[PDB]
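>>> Got a sequence here, can you model it:
(4 chains)
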Amino acid sequence: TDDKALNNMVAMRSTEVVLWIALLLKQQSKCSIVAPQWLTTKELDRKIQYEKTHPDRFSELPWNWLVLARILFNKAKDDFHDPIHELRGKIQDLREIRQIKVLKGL
Amino acid sequence: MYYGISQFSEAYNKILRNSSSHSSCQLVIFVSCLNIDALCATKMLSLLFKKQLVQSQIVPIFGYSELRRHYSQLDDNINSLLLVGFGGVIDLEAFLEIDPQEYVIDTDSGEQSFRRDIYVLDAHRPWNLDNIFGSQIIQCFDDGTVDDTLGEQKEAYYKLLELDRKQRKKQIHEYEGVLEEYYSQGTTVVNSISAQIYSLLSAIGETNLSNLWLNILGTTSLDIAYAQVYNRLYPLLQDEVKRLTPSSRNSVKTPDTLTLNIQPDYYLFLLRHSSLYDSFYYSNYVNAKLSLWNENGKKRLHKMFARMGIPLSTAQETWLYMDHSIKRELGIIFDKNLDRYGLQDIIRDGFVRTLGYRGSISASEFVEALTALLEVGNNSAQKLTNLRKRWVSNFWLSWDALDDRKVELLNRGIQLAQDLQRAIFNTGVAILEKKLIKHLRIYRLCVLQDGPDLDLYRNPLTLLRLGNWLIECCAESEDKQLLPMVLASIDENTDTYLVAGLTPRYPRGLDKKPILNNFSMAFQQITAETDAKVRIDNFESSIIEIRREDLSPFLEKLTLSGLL
Amino acid sequence: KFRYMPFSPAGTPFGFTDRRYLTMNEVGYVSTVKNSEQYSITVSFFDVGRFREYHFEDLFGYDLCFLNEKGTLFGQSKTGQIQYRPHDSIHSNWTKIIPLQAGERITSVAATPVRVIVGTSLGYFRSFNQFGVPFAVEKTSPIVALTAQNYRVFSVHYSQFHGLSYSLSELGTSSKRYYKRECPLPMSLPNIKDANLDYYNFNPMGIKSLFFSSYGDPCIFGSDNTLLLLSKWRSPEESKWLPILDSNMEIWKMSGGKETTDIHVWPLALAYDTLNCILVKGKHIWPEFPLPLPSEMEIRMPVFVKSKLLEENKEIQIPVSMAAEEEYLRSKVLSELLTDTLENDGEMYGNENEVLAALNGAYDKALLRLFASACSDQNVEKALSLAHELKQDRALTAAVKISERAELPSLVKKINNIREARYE
Amino acid sequence: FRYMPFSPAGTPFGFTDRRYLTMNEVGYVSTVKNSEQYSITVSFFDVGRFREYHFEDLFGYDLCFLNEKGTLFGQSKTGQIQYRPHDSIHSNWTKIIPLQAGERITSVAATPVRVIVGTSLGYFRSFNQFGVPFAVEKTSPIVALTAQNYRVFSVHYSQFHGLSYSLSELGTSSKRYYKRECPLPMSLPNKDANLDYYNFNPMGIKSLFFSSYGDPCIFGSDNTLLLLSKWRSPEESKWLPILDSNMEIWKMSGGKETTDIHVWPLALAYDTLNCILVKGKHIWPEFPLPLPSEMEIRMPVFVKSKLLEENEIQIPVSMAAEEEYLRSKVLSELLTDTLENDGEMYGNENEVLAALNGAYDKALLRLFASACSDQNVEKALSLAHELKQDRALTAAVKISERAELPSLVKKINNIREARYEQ
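Residues are numbered from 1 along each chain as shown, chains lettered A, B, ... in the order given. Here you go, the structure:
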């Protein structure tokens, strides 16, 4: 991975690093993890509306959305701008709608 | 003196400098098992060294014989030791067979350094002076005792250490006279070991609610026997709960909200996890005010519930299922009624934690659960060792129950605590009905020869539950003189008595300077004088073991002893 | 008449709660908790490698604070108690009382590596050295806010009889200078319900924060939610205040053109090009105790005509002429701030000369994107003006290529004259 | 506070469908309320150079600025501006400028090189002459602007700041402030005529302009004309009061007050205010616009009660000499300051200086005769120090000989001999 991003950290100016280093820094107090824009109660609620509106298709969530939600809700529980109980609630609302669409697809 | 309260950061930074590497494990923590405060101290101290990535090993130890065994076999790469909850009152340099010349390195300059540090986290007193002054390897932590209390002993220690005939006679017996008065003080606990480590976390800037809960648990365990110490520390815990609690009030309950309130925590047995009736019936304090072993005491309990206006059929409901109106009215019912019985002191404010939707636990109720895990969580040398192995094995049940991920193990503990307190009570009534407490002028004697599930009382902690129950019971009676109590119980398999010496205490509401456990000297001095077979190896040196036939000769010389 | 209140950068009121921030900036934040008639103060850092957090109990009830990379300074506005607490604790803390008259208050405090500075509601200005030795007493228009960064000090003054003004200083271990003394400050005071009034009772001036940018150019964020940065101040006859965020517009833009009342910005620092701030949500303007992560807002020159954005959206899409006009202006101001830093102070990271080279590259690409509109509307005269301001001789090749693609041969010949003139 | 839109020498509607937006040396601009539209007329005082036109206004432009190259217009509430060059070989152009809720464009100015917009929140916006933006800056709220030859002069006002001005020049590297938000010594206004005008223009600035040699001027509510002297060296700058205009009207009336003459300034050419004179129940010009008149500059060294007691007004000639010396002293320092900096604008200028030293000396020798007539040696000897040049020392000896006062000559010869040898 790109070494040039880590030797150039300055406290509280944002940067990108590979997720396994962000979790290793966040295990100490030495980082905080900025949730992607799609982990916002606005963007999750637009995806839930898309899902209900288009029975024939899955919404354009990123390939890792369940995996990354589960990692960050456990390891970075304090870093969300929205209250994490409403994010867990909407991740479940999306999980359940897509499970119906899968059973229709089979 | 050795590390005062102002300078715990220097002792901690010295651990990081000496014992942090990614190469190896270098740090060992020896923790006394059978001590909740040493458990909560060591839990905090492991969460700290986890966050700093310090590779470490924790070894639970039962007593001094196992301390020598485990120290004797430490790998020579191990260069820091923490002794959590023991060793302040023994000469560790002599006991572990240290000679500092076999440990010194880089002696240049008015200088030394050593290949190992031994940091002693201990709340017991009187401190051994050859640890606190007389060694450079042993490194005690202090609450303030040494500078505040030991200045005459410091001077006496050095003038006697320097002086290796009238001018000599006139002085050597003054300084030995100061040390001889300093020893010939009984044992006491003067602080919590967890509040010491929380004041270290406050120096480093590591405080949070998880470390604060472990500070509250460790300190609450003192309240039963060292009430005078809990009351010093309690004001300081209230301030930290306010400091760390977030801004929101009239907050909605959610699965993620931890709340750590200060609120009414009645001095009752496992209230939130038992009935309202069992809460009173099995409380040490209630039993002591109502004389609740005999059936007129049980009448006084029903007559109280009837007068409070709670049906027995409601009082006996499990507290979750007991009705919503009683549980909010209860503060008013007690503030009206308890005064009639003198039970007014049951009203108390304490710390109550609730996590998400899983229902509140108080610090009082949580230490009752954690102690019940230490006590019962699972050829005489094998018969001792395969028992002491069990008490080391139980330490990890209490440890894992401090984790929020493991509430099912806390719920094991809360059931075991209710099995124990019932057995303590059914034994404590047998003692008081059968008149087994004999008055021996200098002290009170009690000796359990036979009985139902007597094989519990071979754990030192379970003997101390029954001790603290018989002490509360006596300490509230206004006619009895306060006297030291000796409580003995047989093991029919080892063929020894476990003997515990207990300090009395003042009635729970009266408000004096402390009283000290001098059985710790009386047992050693009688042991040194006799040819009897005993064990004097426990860390709470008020507790000993003695072979069955030697006990009556031992007690026969204990009554003669001027040391009590 | 007007009422002087104690100020500290980015500090918040108690409101209905028992706790508030005394201050926040690029170093950290400080909070105070009301704790049964005494207070407990926690000082926290954003860099946990350098600084270790601490707390103490305060018997005196301090309500002023200033936090920098060397120490924390506390003041009690009503009694004149001040305390300085160095961060290494190799140096001792020190405490002093300053002489307040009846109805006088400390309005603000600051610290510098060599000085501790105090300002009061009667406009006395008391300097103590870093060890508490009195060095001066000036008198000024009353100082309603102070800030420092290293040896630079920036103060805002206000009185009924003087109006708003500022001073900027560089006190130093030697070669002390005052860059500006009591010059007028072009910043709006509030239009003097409890959502605002519980804040304006606490901070009548409405200065949400006062800070230096990471490159040491003064910034102020006022009641009008506009971030103003002082340009070219090292040479006073050429100074100007630049409005580099209209943060009300920049919020309306990202919420998709809803007139948005439930969102407020709270500024912490301007690292180059980007305001670190809390975006607060709810009916109170200021953040709460579990301090949310500082968000980042990229600075934008106020050239966004809201009515044009409304008609072209009816996620917001910005007309590519308006977007090129902003990137050209934003790049022209940032390249002047870097250029003057690199010439007067020198670089602090080697990157700064490579940033400046990349920033000129975004300026010329923005001008060429405007030159295309001037060619599309066949305004040969406007096009020649856009080509003349263009920097790189290699970028001016693109101007002649665009003018041929547009078939405007007058511009071709005129641009060829620019090549030779600038070569000479 | 009202923050009304401003343009130089513009007038209110005042229960009438016609008003002027602007007047200058160049010309004037007026608007007619053409039913629910407007119609704008862009006249000139010189039809030999440029030809008048009319255009229809859809927007309701209430701002204007006229220079000889073109006319700039703006709508104070919608934020639209429009530039219209006088030679149609250049394009007209239009821009809309951002406004916050309640913000208004308070004034605009234009030069051949630069176009400027002010506002009631103090954002000062700049463009080149084709509507490319150059800069946004924030200042104290603008209440007036004027410009020439890439200089700008701006007047600012707020409750939180007081009345102040700024004076810029756009140098080739950067824009340099000669003065930034220095306080402005103009007096603000304190029924029908006043109240109509002050509801239209509450700052009471009637016009704001540069002199023919590029030194700032302002004409205020007090009817005084101020001119900023020495501004090219900030540490020596002075606002000179160079008319108390009510005093020339009282003088030209033959020593009477009047409610029925008022003066409207168009511009200052050297020693003379080009202006319009109006007779009215009201104080501002009417539709059939007077032919631009001239007022010669008069320093305020005349005492009203003395002139009527002495007495067309016949001035007591020492109070004439007192002005002639003082007025020549200021014009001398204003022309010299431009000649050594901006060369010659019009070529007559270095000849005018030599004629002006001669007027200054003539007045000093007239005061010197009055001081000799008092037998006041010490006063007469001070005037003898203040002569510009060598020949005027001859009249100082001749008058002191004639007045039988050679105690002056014995000192004055020492001044002369020092002055010519060294």
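>>> how about residue 12, what does it touch?
Since no chain was named, I'll use chain A. With contact taken as Cβ atoms under 8 Å, 6 or more residues apart in numbering or on different chains, residue A:12 is in contact with C:26, C:46, C:47, C:268, C:269, C:276, C:294. Heads up, the C-betas are built off the backbone N, CA and C, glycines and all.
>>> that's the other chain; I wanted chain C
For residue C:12, the contacting residues are C:20, C:21, C:202, C:286, C:287, taking Cβ under 8 Å, 6+ apart as the criterion.
>>> Neighbours of residue A:43, how many?
The number of residues packed near residue A:43 is 14, by other Cβ atoms under 10 Å in any protein chain shown.
>>> And the helices in the chain, which stretches?
With no chain named, the answer covers chain A. A:19-27, A:41-53, A:65-75, A:84-105 (DSSP state H).
>>> not quite, I wanted chain C
In chain C, helices defined by DSSP H lie at C:194-200, C:247-254, C:306-313, C:320-344, C:352-376, C:380-388, C:393-405, C:409-423, listed in chain order.
>>> cool, the stretch 1-150 of chain B as well?
Counting by DSSP state H, counting those that start in this stretch, the stretch 1-150 of chain B has these helices, from start to end: B:8-19, B:36-51, B:64-72, B:92-95, B:129-132, B:145-149.
>>> ok, the second one near chain C or not?
Looking back up the chat, that one is helix B:36-51. No - Helix B:36-51 does not reach chain C (Cβ under 8 Å from any Cβ of the partner chain); its nearest approach is 10.9 Å.
>>> circling back: next, format the contacts of residue C:12 as TSV and append distance to residue B:108 and neighbour count.
Shown next, in TSV, are the contacts of residue C:12 (distance: Cβ to Cβ, whole Å; neighbours: other Cβ atoms under 10 Å in any protein chain shown):
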residue	distance to residue B:108	neighbour count
C:20	55	21
C:21	52	23
C:202	61	17
C:286	59	21
C:287	56	22
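>>> of the residues you listed, closest to chain A?
Minimum separation from chain A among the contacts of residue C:12 (Cβ to the nearest Cβ) is found for residue C:287, which lies at 11.2 Å.
>>> quick one, what contacts the residue lying closest to the closest one once chain neighbours are set aside?
Excluding its sequence neighbours, the residue lying closest to residue C:287 (Cβ to Cβ, 6 or more residues apart in numbering or on different chains) is residue C:278, at 4.7 Å. By Cβ under 8 Å, 6+ apart, residue C:278 lies in contact with C:265, C:266, C:268, C:287, C:291, C:292, C:294, C:295.
>>> one step back: select, out of the helices of chain A, the one closest to chain B.
Taking Cβ to the nearest Cβ as the criterion, helix A:84-105 is the member of those that comes nearest to chain B, at 4.5 Å.
>>> Wondering if that closest one reaches chain C at all.
No - for helix A:84-105, no contact with chain C is found by Cβ under 8 Å from any Cβ; the gap never falls below 11.6 Å.
>>> Run through the neighbouring helices and strands of that helix.
Using 3 or more Cβ pairs under 8 Å, 6 or more residues apart in numbering or on different chains; DSSP states H and E, the elements in contact with helix A:84-105 are helix A:41-53, helix A:65-75.
>>> returning to what we had before: next one: the residue nearest to residue C:287 from residue C:265, what distance?
8 Å (Cβ to Cβ, to the nearest Å).
>>> again with residue B:417
Distance of residue B:417 to residue C:265, computed by Cβ to Cβ: 53 Å.
>>> Comparing these two, which residue is more hemmed in?
Taking residue B:417 and residue C:265 together and counting by other Cβ under 10 Å, residue B:417 has the greater number of neighbours (26 against 21).
>>> That one touches residue B:274, doesn't it?
No - because the distance of 9.2 Å does not satisfy Cβ atoms under 8 Å, residue B:417 is recorded as not touching residue B:274.
>>> Overlap of the contact sets of those two?
Counting by Cβ under 8 Å, 6+ apart, nothing touches both residue B:417 and residue B:274.
>>> just to revisit the earlier point, deepest-packed of the helices of the stretch 1-150 of chain B, please.
helix B:36-51 (a mean of 23; mean count of other Cβ atoms under 10 Å in any protein chain shown).
>>> Residue B:353 sits in which helix or strand?
For residue B:353, the host element (DSSP states H and E) is strand B:349-355.
>>> Which elements pack onto that strand?
Using 3+ Cβ pairs under 8 Å, 6+ apart as the contact criterion, the elements in contact with strand B:349-355 are helix B:209-220, strand B:258-264, strand B:361-362, helix B:363-376.
>>> Tell me which residues of the last one come out buried.
Pointing back at helix B:363-376 there. Counting neighbours by 16 or more other Cβ atoms under 10 Å in any protein chain shown, one finds that the buried residues in helix B:363-376 are B:363-376.
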